[PDB]
């Protein structure tokens, strides 16, 4: 287990008005790895050094997460996924990168979906794990998947922030459920690993900032998708799907042709929602091979 401090840390101010934290190492074509919720850059820790043999690996914290800036926590409008998508192109800008390989899942599955249609000329190839497409809502908020999406509505309440942040123990109890339930195997993280997550989420504004994503993009009056996002894209895309993902299940894969005309699909039977945590060997091999 390679700890957060055993990485090379950076912080820069982007044109989008927000300060973004990221780690970086390796040499080669740029490779941007984007986390979701629950998460922050460190969820990719198992795969950074191996990929750094072939890529300039760049792993930022999304705004509202990790050590990146939390916009005014009372301003839900700064937590749209469109903002976080613009943050990624502005990061490449600030680093003098013309185009990059892009990888995302969970919330970052939407960012990548948006990114390669709005910033097509900034992406070489892309990969998405357990992708989420504009037609996801009808299922996600439907019967019986409401059994799984309840947390998105929990996070609209002020009491959710108050309860989850009431102590380290309450924080660990809450987040431990999603890491395991959304995973193929019964226990995803070692206790020490989970403790590093609690360290992260007990940072000022991180519980609140993460829930604002749900208030900004998954409320009953939220409209996070754009007309642009309905475009079929012919970008070469690598799709991996964890058959164990209970919240974004692999059966939704029959919807990919609605939006992608040139993709590979691999359903991993013994993986769930966190491919880079549970099956890092696979993430490493397929990205190295797909990205030349």
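Residue numbers count along the first chain shown, from 1.
Comparing 118 to 126 with 183 to 191, the higher mean C-alpha B-factor in the PDB entry belongs to 183 to 191. Among 36, 26, 64, 50, the highest C-alpha B-factor recorded in the PDB entry belongs to 26. When the modelled residues of the chain are ordered by C-alpha B-factor, residue 229 sits in the middle third. When the modelled residues of the chain are ordered by their C-alpha B factor, residue 250 lands in the middle third. Residue 21 sits in the lowest third of its chain by CA B factor, as recorded in the PDB entry. Remark: residue 275 belongs to the middle third of its chain, ranked by C-alpha B-factor as recorded. When all modelled residues of the chain are sorted by CA temperature factor, residue 263 is found within the highest third.
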